[PDB]
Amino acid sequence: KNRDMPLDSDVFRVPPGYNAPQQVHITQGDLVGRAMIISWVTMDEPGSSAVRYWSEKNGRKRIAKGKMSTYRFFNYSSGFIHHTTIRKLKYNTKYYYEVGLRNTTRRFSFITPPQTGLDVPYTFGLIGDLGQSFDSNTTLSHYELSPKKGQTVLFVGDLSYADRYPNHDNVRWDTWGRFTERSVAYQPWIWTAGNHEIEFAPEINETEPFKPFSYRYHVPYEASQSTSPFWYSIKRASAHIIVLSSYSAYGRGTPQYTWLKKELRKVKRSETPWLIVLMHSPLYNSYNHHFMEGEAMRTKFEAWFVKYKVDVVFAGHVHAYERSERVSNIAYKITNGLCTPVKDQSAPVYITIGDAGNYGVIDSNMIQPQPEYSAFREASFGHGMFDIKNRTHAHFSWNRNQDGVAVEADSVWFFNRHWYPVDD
């Protein structure tokens, strides 16, 4: 009945040694990819926030200094959380970095992306609603073993699922930290905030939304002049990635709404032709679980996505896989009867990819019959891959946990909305 991996699972083991860094993770730390946020936890004493790093070829060893913090949540006290931004990195260079410089040093590595550009290829993993059940471990293995070979994960929210435990037992953030480390210590994960990150629990006097998640997973939101960690953009290779918060305000005149309207004007499709939006709650979703929860955001932002010709919108939240047709539903005017989606070659494809495991439960009840806006849907565990070839073509595939690591149960060519708007 509980498919969550027990506490003594191998994926949760504590790196040995006095004050050994654990829960190590990295993410892009600037707007174009010359910087990296390095994050980790030490449990025995505060320790140093210094990060030692060097490129595998030059080898001059540099130190970066960051910041230490802690938080409480009901009767849980966190370890000592470190966040340190390494900057001015060279493009397309393998770096080594070390954490724990005062006591037990641990060494990792990452490869910086190429410089942003029109035809730069890059491979993104899509993972949503991961959790720490056995299905979660299989998904992460299927991603690590992908022959497509993913270089950055776009994570569309719902991370540890710790809020399911009594009092949100934040020990389950620590176990998730150690479990995902074997991926996100070596390549950036791009964080979207889901509903399991809100952790609004007034009954135990914890009413600050996103508190544990926000303390543990930093994002470079200032780099795109956002005033909140929960919405932001980054550019990587030939992609411009916009990260939105389903569970923050997006009313007209609110900060998120203001930021996004202004951020879409800065997109340059001749520098980054692939325009990608991440959000947690899907705007198009023909499952019963969470059906039409995305309507509110859709009324605010769908016309914008069409007007600026977003290529693809990735969401999670529904524990299943779905791929829409290119449609829009933006002609409604209350009394004009125009409330059915139509094909629209200026509209993104919406993909739901919230099926990486969560706590062991798949969403299988679909609306019937399958609506026209729904191109493909299936209730199986898996992950996605968005493989950009060049300015016109990107190949998307869905890998199921029950198939071999090189089998795509679904696959579609994306034809760029700016450089190549062919029907797909």
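The first residue of the sequence shown is number 1, and the count goes up from there.
A summary of the deposited B-factors shows that, of 54-62 and 366-374, the stretch with the larger mean C-alpha value is 54-62. The mean C-alpha temperature factor is higher for 104-112 when 305-313 and 104-112 are set side by side. As recorded in the entry, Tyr91 carries the highest CA temperature factor of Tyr91, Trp176, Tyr232, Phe155. Annotation for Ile334: C-alpha temperature factor in the highest third relative to the rest of the modelled chain, per the entry. Remark: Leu264 belongs to the lowest third of its chain, ranked by C-alpha B-factor as recorded. Compared with the other modelled residues of the chain, the Cα B-factor recorded for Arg182 ranks in the highest third. Among all modelled residues in its chain, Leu145 ranks in the highest third by Cα B-factor. In the deposited entry, the Cα temperature factor of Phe396 places it in the middle third of its chain's modelled residues.
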